[PDB]
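These notes concern the structure reproduced below.
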Amino acid sequence: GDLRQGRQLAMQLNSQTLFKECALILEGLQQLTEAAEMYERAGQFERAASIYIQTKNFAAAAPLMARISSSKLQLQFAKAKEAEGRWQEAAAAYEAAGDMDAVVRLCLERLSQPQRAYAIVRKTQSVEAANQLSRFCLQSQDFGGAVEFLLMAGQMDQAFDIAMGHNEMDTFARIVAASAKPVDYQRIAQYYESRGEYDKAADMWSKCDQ
Amino acid sequence: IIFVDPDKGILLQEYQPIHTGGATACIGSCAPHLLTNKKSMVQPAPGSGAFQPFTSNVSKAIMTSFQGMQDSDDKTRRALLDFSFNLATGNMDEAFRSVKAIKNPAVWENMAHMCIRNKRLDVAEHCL
């Protein structure tokens with residue numbers, strides 16, 4: 001019970017070892033105001049970082065961001081921010097920690113970011129980020145970027161039907177498998193000969209060069 | 001016999017045979033042993049042609065890195081299962097630091113005592 005007296009004996013009888021020793025021994029009597037402060041003078045900044053990041057005290061672990069700026073602290077803080085409304089930080093550390101599909105999910109469902117998502121997956125070309133973008137391409141139409149996000153998302157029919165009409169027909173056939181060969185030009189062109197845009201269908205029929 | 005660390009993957013402790021009475025499958029693991037299988041049959045009654053019901057087709061395969069475990073108390077179980085977690089994975093908190101630094105008033109029968117496989121004897125020298 002002499003947390004005080006044992007603590008002053010825990011500075012005067014050590015350089016490092018009894019600092020951490022009495023620090024975890026003060027964890028045996030739940031004195032954070034002494035064990036935590038003699039974590040840093042015992043080099044137990046990991047323990048102080050965990051304790052500060054876990055008890056909703058990310059500002060106290062902000063000095064310990066400087067040596068652990070990892071996902072387990074920054075993304076945990078961002079997830080708490082997501083819980084309490086700051087989903088900007090949530091998607092920011094999602095992008096820091098590679099939660100890219102949730103980055104674009106927050107883009108298109110929480111952050112209201114069409115064009116951050118439309119460009120970041122024009123770059124990334126990931127799967128479920130482009131799926132959130134395929135939802136948003138079902139809500140908007142960027143360009144060949146939009147057909148990108150429809151096609152690498154499994155949203156086959158949407159880019160398909162836009163190609164059946166709209167000029168985005170070569171880039172649809174491109175990003176489904178490929179649009180460079182006479183065989184694919186013939187087959188997607190026959191799709192157009194059945195489903196409108198016969199003009200450019202016969203045009204690439206001629207680009208087949210029979 | 002593997003203490004899977006939740007961080008660094010599967011980390012292995014020992015290769016303990018199941019071959020305990022024609023046993024080729026481990027169906028469980030109690031505290032002092034591992035509950036492996038056995039041949040499933042009906043024992044004849046002793047001294048007669050009758051058949052006693054079988055006791056259990058479950059061979060309790062004694063576990064080998066855990067020495068002084070099974071004849072001993074259950075402070076042994078915690079202490080040295082924890083030490084063998086420190087064996088396969090590699091740690092120091094459980095068998096030593098978690099039991100020093102808590103203000104735990106007793107005199108245990110086995111604070112920890114197989115702990116020499118991580119090279120420490122005093123926990124089997126002042127407890128034992």
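Identifiers for the structure tokens are assigned positionally: chains receive A, B, ... in sequence, residues are indexed from 1 per chain, and ligands are indexed from 1 in the order shown.
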Could you give me, as a Markdown table, every chain A residue with an atom at most 10 Å from chain B, plus its closest atom pair and distance in Å to one decimal, counting only C-alpha atoms, rows ordered by chain then number?
```
| residue | atom | partner | partner_atom | distance |
| --- | --- | --- | --- | --- |
| A:1 | CA | B:103 | CA | 9.7 |
| A:21 | CA | B:101 | CA | 7.7 |
| A:22 | CA | B:101 | CA | 7.8 |
| A:23 | CA | B:101 | CA | 8.7 |
| A:24 | CA | B:101 | CA | 5.8 |
| A:25 | CA | B:101 | CA | 4.1 |
| A:26 | CA | B:101 | CA | 7.4 |
| A:27 | CA | B:102 | CA | 6.9 |
| A:28 | CA | B:102 | CA | 3.6 |
| A:29 | CA | B:102 | CA | 6.8 |
| A:30 | CA | B:102 | CA | 9.2 |
```
May I have the selected residues written with N, CA, C and O atoms, as a PDB file, in the first residue's frame?
```
ATOM      1  N   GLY A   1       0.775  -1.216   0.000  1.00  0.00           N
ATOM      2  CA  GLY A   1       0.000   0.000   0.000  1.00  0.00           C
ATOM      3  C   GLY A   1       0.811   1.273   0.000  1.00  0.00           C
ATOM      4  O   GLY A   1       0.244   2.348  -0.230  1.00  0.00           O
ATOM      5  N   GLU A  21      10.435  -2.502 -12.963  1.00  0.00           N
ATOM      6  CA  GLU A  21      10.027  -3.515 -12.000  1.00  0.00           C
ATOM      7  C   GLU A  21       8.906  -2.996 -11.118  1.00  0.00           C
ATOM      8  O   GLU A  21       7.788  -3.508 -11.159  1.00  0.00           O
ATOM      9  N   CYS A  22       9.175  -1.936 -10.362  1.00  0.00           N
ATOM     10  CA  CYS A  22       8.148  -1.260  -9.593  1.00  0.00           C
ATOM     11  C   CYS A  22       7.054  -0.644 -10.446  1.00  0.00           C
ATOM     12  O   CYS A  22       5.973  -0.390  -9.925  1.00  0.00           O
ATOM     13  N   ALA A  23       7.282  -0.413 -11.736  1.00  0.00           N
ATOM     14  CA  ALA A  23       6.202   0.064 -12.591  1.00  0.00           C
ATOM     15  C   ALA A  23       5.160  -1.024 -12.813  1.00  0.00           C
ATOM     16  O   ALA A  23       3.961  -0.807 -12.624  1.00  0.00           O
ATOM     17  N   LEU A  24       5.606  -2.220 -13.188  1.00  0.00           N
ATOM     18  CA  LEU A  24       4.664  -3.321 -13.351  1.00  0.00           C
ATOM     19  C   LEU A  24       4.187  -3.845 -12.003  1.00  0.00           C
ATOM     20  O   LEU A  24       3.121  -4.463 -11.916  1.00  0.00           O
ATOM     21  N   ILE A  25       4.971  -3.617 -10.950  1.00  0.00           N
ATOM     22  CA  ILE A  25       4.548  -3.916  -9.590  1.00  0.00           C
ATOM     23  C   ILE A  25       3.499  -2.915  -9.113  1.00  0.00           C
ATOM     24  O   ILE A  25       2.591  -3.272  -8.355  1.00  0.00           O
ATOM     25  N   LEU A  26       3.563  -1.673  -9.584  1.00  0.00           N
ATOM     26  CA  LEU A  26       2.488  -0.716  -9.370  1.00  0.00           C
ATOM     27  C   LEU A  26       1.293  -0.970 -10.266  1.00  0.00           C
ATOM     28  O   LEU A  26       0.188  -0.530  -9.936  1.00  0.00           O
ATOM     29  N   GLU A  27       1.487  -1.658 -11.389  1.00  0.00           N
ATOM     30  CA  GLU A  27       0.361  -2.279 -12.064  1.00  0.00           C
ATOM     31  C   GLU A  27      -0.268  -3.377 -11.222  1.00  0.00           C
ATOM     32  O   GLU A  27      -1.428  -3.728 -11.457  1.00  0.00           O
ATOM     33  N   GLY A  28       0.470  -3.920 -10.251  1.00  0.00           N
ATOM     34  CA  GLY A  28      -0.114  -4.834  -9.294  1.00  0.00           C
ATOM     35  C   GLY A  28      -0.928  -4.169  -8.210  1.00  0.00           C
ATOM     36  O   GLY A  28      -1.595  -4.866  -7.439  1.00  0.00           O
ATOM     37  N   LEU A  29      -0.881  -2.837  -8.123  1.00  0.00           N
ATOM     38  CA  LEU A  29      -1.764  -2.099  -7.227  1.00  0.00           C
ATOM     39  C   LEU A  29      -2.406  -0.900  -7.920  1.00  0.00           C
ATOM     40  O   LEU A  29      -2.865   0.026  -7.240  1.00  0.00           O
ATOM     41  N   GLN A  30      -2.432  -0.907  -9.259  1.00  0.00           N
ATOM     42  CA  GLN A  30      -3.268  -0.017 -10.077  1.00  0.00           C
ATOM     43  C   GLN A  30      -2.961   1.461  -9.847  1.00  0.00           C
ATOM     44  O   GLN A  30      -3.862   2.268  -9.609  1.00  0.00           O
TER      45      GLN A  30
END
```
Among the residues B:117, B:48, B:61, B:10, the one that comes closest to residue B:35 [using only C-alpha atoms]: B:61
Point-to-point distance in Å for atom CA of residue B:73 and atom CA of residue B:12: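 It comes out at 25.2 Å.
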Could you produce a table of the residues of stretch 123-165 of chain A lying within 12 Å of stretch 102-114 of chain A, with the nearest pair of atoms per residue and their separation in Å rounded to one decimal, using only C-alpha atoms, ordered by chain and increasing residue number, as a tab-separated table?
```
residue	atom	partner	partner_atom	distance
A:124	CA	A:104	CA	10.8
A:125	CA	A:104	CA	11.3
A:126	CA	A:104	CA	10.0
A:127	CA	A:104	CA	10.5
A:128	CA	A:102	CA	8.1
A:129	CA	A:104	CA	5.0
A:130	CA	A:104	CA	7.7
A:131	CA	A:105	CA	8.6
A:132	CA	A:105	CA	5.5
A:133	CA	A:104	CA	7.0
A:134	CA	A:108	CA	10.0
A:135	CA	A:108	CA	8.3
A:136	CA	A:108	CA	6.6
A:137	CA	A:114	CA	9.3
A:138	CA	A:108	CA	11.5
A:139	CA	A:108	CA	9.9
A:140	CA	A:114	CA	8.7
A:141	CA	A:114	CA	10.0
A:142	CA	A:114	CA	8.8
A:145	CA	A:114	CA	11.5
A:146	CA	A:114	CA	10.6
A:149	CA	A:104	CA	11.2
```
Shell of 6 Å around stretch 1-4 of chain B, only C-alpha atoms, local chain residues under 4 positions omitted, as an NGL selection string: :B and (10-15 or 85 or 88)
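When atom CA of residue B:112 is paired with atom CA of residue B:124, their separation reads 6.3 Å.
With only C-alpha atoms as the basis for measurement, B:32 is the residue among B:21, B:6, B:32, B:105 that approaches residue B:64 most closely.
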Among chain A, which residues does DSSP mark as helix (DSSP H, G or I) when it is run on the backbone? Keep the chain and numbering as in the structure and answer as a VMD selection string. chain A and resid 3 to 12 17 to 26 32 to 35 37 to 40 45 to 54 71 to 83 87 to 96 100 to 109 114 to 124 128 to 137 144 to 151 156 to 164 170 to 176 182 to 194 198 to 207
Need the shell around residue B:24: protein/DNA/RNA residues with any atom at most 12 Å away, counting only C-alpha atoms. Skip same-chain ones fewer than 3 positions apart. Format as a VMD selection string? chain B and resid 16 to 21 27 35 to 39 58 to 59 61
Could you write those residues out with N, CA, C and O atoms, as a PDB file, in the first residue's frame?
```pdb
ATOM      1  N   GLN B  16       4.492 -34.764 -29.757  1.00  0.00           N
ATOM      2  CA  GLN B  16       4.076 -35.759 -28.775  1.00  0.00           C
ATOM      3  C   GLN B  16       3.342 -36.908 -29.446  1.00  0.00           C
ATOM      4  O   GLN B  16       2.301 -36.677 -30.072  1.00  0.00           O
ATOM      5  N   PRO B  17       3.820 -38.144 -29.320  1.00  0.00           N
ATOM      6  CA  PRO B  17       3.177 -39.264 -30.019  1.00  0.00           C
ATOM      7  C   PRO B  17       1.758 -39.539 -29.546  1.00  0.00           C
ATOM      8  O   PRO B  17       1.435 -39.444 -28.359  1.00  0.00           O
ATOM      9  N   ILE B  18       0.905 -39.882 -30.512  1.00  0.00           N
ATOM     10  CA  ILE B  18      -0.424 -40.394 -30.207  1.00  0.00           C
ATOM     11  C   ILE B  18      -0.368 -41.886 -29.912  1.00  0.00           C
ATOM     12  O   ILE B  18      -1.230 -42.402 -29.188  1.00  0.00           O
ATOM     13  N   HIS B  19       0.710 -42.561 -30.318  1.00  0.00           N
ATOM     14  CA  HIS B  19       0.755 -44.022 -30.391  1.00  0.00           C
ATOM     15  C   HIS B  19       0.716 -44.592 -28.977  1.00  0.00           C
ATOM     16  O   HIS B  19       1.721 -45.006 -28.395  1.00  0.00           O
ATOM     17  N   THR B  20      -0.497 -44.604 -28.423  1.00  0.00           N
ATOM     18  CA  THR B  20      -0.790 -45.041 -27.060  1.00  0.00           C
ATOM     19  C   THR B  20      -1.920 -46.060 -27.171  1.00  0.00           C
ATOM     20  O   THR B  20      -3.099 -45.702 -27.107  1.00  0.00           O
ATOM     21  N   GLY B  21      -1.555 -47.326 -27.350  1.00  0.00           N
ATOM     22  CA  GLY B  21      -2.537 -48.379 -27.520  1.00  0.00           C
ATOM     23  C   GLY B  21      -3.105 -48.437 -28.923  1.00  0.00           C
ATOM     24  O   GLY B  21      -4.327 -48.482 -29.102  1.00  0.00           O
ATOM     25  N   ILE B  27      -8.083 -37.095 -29.980  1.00  0.00           N
ATOM     26  CA  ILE B  27      -9.462 -36.621 -29.967  1.00  0.00           C
ATOM     27  C   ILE B  27      -9.694 -35.547 -28.920  1.00  0.00           C
ATOM     28  O   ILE B  27     -10.789 -34.962 -28.890  1.00  0.00           O
ATOM     29  N   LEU B  35      -6.139 -36.407 -24.610  1.00  0.00           N
ATOM     30  CA  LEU B  35      -7.142 -37.440 -24.843  1.00  0.00           C
ATOM     31  C   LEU B  35      -7.065 -37.864 -26.304  1.00  0.00           C
ATOM     32  O   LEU B  35      -7.663 -37.239 -27.178  1.00  0.00           O
ATOM     33  N   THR B  36      -6.308 -38.921 -26.574  1.00  0.00           N
ATOM     34  CA  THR B  36      -6.215 -39.488 -27.907  1.00  0.00           C
ATOM     35  C   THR B  36      -7.239 -40.607 -28.045  1.00  0.00           C
ATOM     36  O   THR B  36      -7.949 -40.948 -27.100  1.00  0.00           O
ATOM     37  N   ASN B  37      -7.319 -41.192 -29.235  1.00  0.00           N
ATOM     38  CA  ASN B  37      -8.277 -42.265 -29.454  1.00  0.00           C
ATOM     39  C   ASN B  37      -7.680 -43.591 -28.988  1.00  0.00           C
ATOM     40  O   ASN B  37      -6.623 -43.638 -28.355  1.00  0.00           O
ATOM     41  N   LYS B  38      -8.362 -44.682 -29.312  1.00  0.00           N
ATOM     42  CA  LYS B  38      -7.850 -46.030 -29.117  1.00  0.00           C
ATOM     43  C   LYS B  38      -8.667 -46.954 -30.006  1.00  0.00           C
ATOM     44  O   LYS B  38      -9.586 -46.518 -30.705  1.00  0.00           O
ATOM     45  N   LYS B  39      -8.317 -48.234 -29.987  1.00  0.00           N
ATOM     46  CA  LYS B  39      -9.150 -49.232 -30.637  1.00  0.00           C
ATOM     47  C   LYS B  39     -10.481 -49.355 -29.904  1.00  0.00           C
ATOM     48  O   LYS B  39     -10.533 -49.353 -28.672  1.00  0.00           O
ATOM     49  N   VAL B  58     -10.551 -43.887 -25.071  1.00  0.00           N
ATOM     50  CA  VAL B  58      -9.898 -42.593 -25.146  1.00  0.00           C
ATOM     51  C   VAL B  58      -8.588 -42.712 -24.382  1.00  0.00           C
ATOM     52  O   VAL B  58      -8.574 -42.693 -23.145  1.00  0.00           O
ATOM     53  N   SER B  59      -7.482 -42.830 -25.109  1.00  0.00           N
ATOM     54  CA  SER B  59      -6.177 -42.970 -24.478  1.00  0.00           C
ATOM     55  C   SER B  59      -5.657 -41.595 -24.085  1.00  0.00           C
ATOM     56  O   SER B  59      -5.512 -40.709 -24.934  1.00  0.00           O
ATOM     57  N   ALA B  61      -2.983 -39.494 -23.622  1.00  0.00           N
ATOM     58  CA  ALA B  61      -1.571 -39.408 -23.973  1.00  0.00           C
ATOM     59  C   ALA B  61      -0.886 -38.384 -23.080  1.00  0.00           C
ATOM     60  O   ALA B  61      -1.158 -37.184 -23.181  1.00  0.00           O
TER      61      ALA B  61
END
```
Residues near residue B:71, cut-off 12 Å, only C-alpha atoms, skip fewer than 4 positions along chain, as an mmCIF file with N, CA and C atoms, in the first residue's frame:
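Saved result, selection17.cif, follows:
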```cif
data_model
loop_
_atom_site.group_PDB
_atom_site.id
_atom_site.type_symbol
_atom_site.label_atom_id
_atom_site.label_comp_id
_atom_site.auth_asym_id
_atom_site.auth_seq_id
_atom_site.Cartn_x
_atom_site.Cartn_y
_atom_site.Cartn_z
ATOM 1 N N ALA B 31 -6.275 -31.833 -18.833
ATOM 2 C CA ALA B 31 -5.155 -31.153 -18.201
ATOM 3 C C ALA B 31 -3.916 -32.051 -18.196
ATOM 4 N N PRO B 32 -3.868 -33.181 -17.471
ATOM 5 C CA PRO B 32 -2.568 -33.848 -17.311
ATOM 6 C C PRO B 32 -2.087 -34.565 -18.563
ATOM 7 N N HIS B 33 -2.974 -34.885 -19.503
ATOM 8 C CA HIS B 33 -2.611 -35.672 -20.672
ATOM 9 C C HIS B 33 -3.292 -35.094 -21.904
ATOM 10 N N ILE B 62 0.002 -38.866 -22.210
ATOM 11 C CA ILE B 62 0.752 -38.022 -21.289
ATOM 12 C C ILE B 62 1.629 -37.052 -22.072
ATOM 13 N N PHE B 66 5.812 -31.159 -20.136
ATOM 14 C CA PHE B 66 5.130 -30.707 -18.941
ATOM 15 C C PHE B 66 5.461 -31.672 -17.806
ATOM 16 N N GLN B 67 6.661 -31.537 -17.239
ATOM 17 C CA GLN B 67 7.195 -32.482 -16.264
ATOM 18 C C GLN B 67 7.054 -31.951 -14.848
ATOM 19 N N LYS B 75 -1.802 -25.018 -9.584
ATOM 20 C CA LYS B 75 -0.870 -23.914 -9.765
ATOM 21 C C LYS B 75 0.237 -24.305 -10.728
ATOM 22 N N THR B 76 0.582 -25.594 -10.748
ATOM 23 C CA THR B 76 1.489 -26.108 -11.759
ATOM 24 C C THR B 76 0.912 -25.906 -13.146
ATOM 25 N N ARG B 77 -0.386 -26.194 -13.298
ATOM 26 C CA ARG B 77 -1.044 -26.118 -14.598
ATOM 27 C C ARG B 77 -0.939 -24.716 -15.172
ATOM 28 N N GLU B 109 2.443 -24.213 -4.244
ATOM 29 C CA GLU B 109 3.133 -25.490 -4.353
ATOM 30 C C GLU B 109 4.067 -25.526 -5.556
ATOM 31 N N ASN B 110 3.639 -24.957 -6.681
ATOM 32 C CA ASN B 110 4.473 -24.851 -7.879
ATOM 33 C C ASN B 110 4.270 -23.477 -8.494
#
```
Compile the contact shell of residue A:60 as a ChimeraX atom specification: residues with an atom at most 12 Å away, counting only C-alpha atoms, same-chain residues fewer than 5 positions apart removed. /A:36-37,45,48-55,65-66,73,77
Which of chain B end up as strand (DSSP E) when DSSP is run on this backbone - answer as number ranges by chain? B: 33-36, 59-62
Please report the interatomic distance between atom CA of residue B:79 and atom CA of residue B:9 in Å with one decimal.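 Spanning atom CA of residue B:79 to atom CA of residue B:9 is a straight-line distance of 22.6 Å.
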